[PDB]
């Protein structure tokens, strides 16, 4: 389609408009749980959930690119030590048929640290663990923009908080005219706010039709669960 917008005030267990891969699911409370925690899981574990309908991101015949904006609230919980819990969650755009990749520090989107244009993935990561644990990362939790690689083309310092009382407000926007991708995280309790921005041309990275969604991962020993409360999304070619 040319314009598309949906809004989830909460999720339903028996819903039919979401695709799940890995261990992502909707729990009894009406919350989108991106990954599970328990000893019956592999060392590197995670999940993926995307809206069932592909989004027309750019049109080849007219040479046009769409502008979009999304926003959601999330929270995370861990039985281990906050400073050492892995790995985080991401919001991404990739081909509708992409398979679940490797978990852990790879967010289920990548195979390894080598960059490759064949991924055709554009994600905004909420990376909870950095170096020395993940050598390719800065020495602290951060938010960054990834383009076909686990190495962000840009990142910013993030002071991660855990618990339902520490809900985070996220807002991502892509303005096609200026090829600008901006992401901002805000904690409404005390009003702490952080941002990242990069100039990226989606037209030469992604196919015309992509899927929008989330991914969540963790590692054995430092297990943490990532969850989404609601989701709003809207894209248009006329903006």
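Residue numbers count along the first chain shown, from 1.
The PDB entry reports B-factors from which the mean C-alpha value can be compared for 132-140 and 93-101; the larger average falls on 132-140.
As recorded in the PDB entry, 218-226 is the stretch of 8-16 and 218-226 with the greater mean C-alpha temperature factor. Highest CA B-factor among 31, 60, 185, 53, as stated in the entry: 60.
Per the deposited record, 42 carries the highest C-alpha B-factor of all listed residues (47, 213, 42, 207).
For residue 148, the recorded CA B-factor ranks within the middle third of the chain. Only modelled residues enter the ranking. For residue 200, the recorded CA temperature factor ranks within the highest third of the chain's modelled residues. Compared with the other modelled residues of the chain, the Cα B-factor recorded for residue 168 ranks in the middle third. Residue 124: CA B factor lies in the lowest third for its chain, per the PDB record. Among the modelled residues of the chain, residue 81 sits in the highest third by CA temperature factor in this PDB entry.
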